[PDB]
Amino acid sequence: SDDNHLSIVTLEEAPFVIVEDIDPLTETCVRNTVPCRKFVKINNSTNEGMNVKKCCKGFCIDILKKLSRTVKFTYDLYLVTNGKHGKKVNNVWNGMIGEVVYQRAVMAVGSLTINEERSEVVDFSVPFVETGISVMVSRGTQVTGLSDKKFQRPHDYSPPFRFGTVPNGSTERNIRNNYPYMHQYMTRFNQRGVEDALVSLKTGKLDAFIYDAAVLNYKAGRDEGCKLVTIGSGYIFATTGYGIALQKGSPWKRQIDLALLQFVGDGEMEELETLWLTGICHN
């Protein structure tokens, strides 16, 4: 162990990281899963909790397995419990980013978006999945992407588009900063979560849903009837990717970068995308 056995943090977010109960009779994770620990809270108004053994699988877990084998490290995987991907509150980071910044985890593996703010305090690997701010609509609805003037200036069009995102995350923050009119216009159409947004689109109560490209591509691939579609990838706004976060100056970063680029070049990443992300809807 010692310096080759790494604390690694992740975040439940299917299909990238899927969390399952462990068999209580055997207490061993089998099939394609790996052990992952979760600090489960005693109740909703307490800091008290207890570690629970779980099992983890998914697209990011298979990346972790490949990196473990290729870069030659072992790990103790745990699920973040305070926050999600990473937000700065009172100059203190939470989520996966916080675990890395304050040196509780050597890396964070999950659906963690590379951005400027986070890159000031952690190092990111090369992106291992492309994403960005994309748009989903019901097939037949005509728009290009976030910068379409049907979004920037909706009252130039009749009837005006109804479009929204899931509030209080990075999507709303980005739109707030870049497109002030669009942002205040869409608050009325905020969606509580992705599943609610899909229903709103399918039932004609919403015309477009602005959200993460990787999530939207995955949902579009699985849609009953293949009626929900995304914009073309050339129109994704603020193109970036999910990446592994490491501590500043990490000794692991070069090896991890070269390994991910080797996986991409050898087709191994394509195999994982077909395994976990590509759905029946081919267009």
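Numbering starts at 1 and runs along the sequence shown.
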Could you check which stretch, 172-180 or 152-160, carries the larger mean CA temperature factor in the entry?
152-160
Do the CA atoms of 188-196 or those of 126-134 have the higher mean B-factor in the entry?
188-196
Reading the B-factor column of the entry, which of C36, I256, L64, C226 has the highest value at its C-alpha atom?
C226
Split the chain's modelled residues into thirds by Cα B-factor; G58 lands in the middle
Looking at the entry's B-factor column for C-alpha atoms only, identify whether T240 ranks in the lowest, middle or highest third of its chain.
lowest
Sorting by Cα B-factor within the chain, modelled residues only, which third would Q142 end up in: lowest, middle or highest?
highest
Using only modelled residues of the chain, where does the Cα B factor of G98 rank: lowest third, middle third or highest third?
middle
Among the modelled residues of its chain, the C-alpha B-factor of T74 falls in the third labelled middle
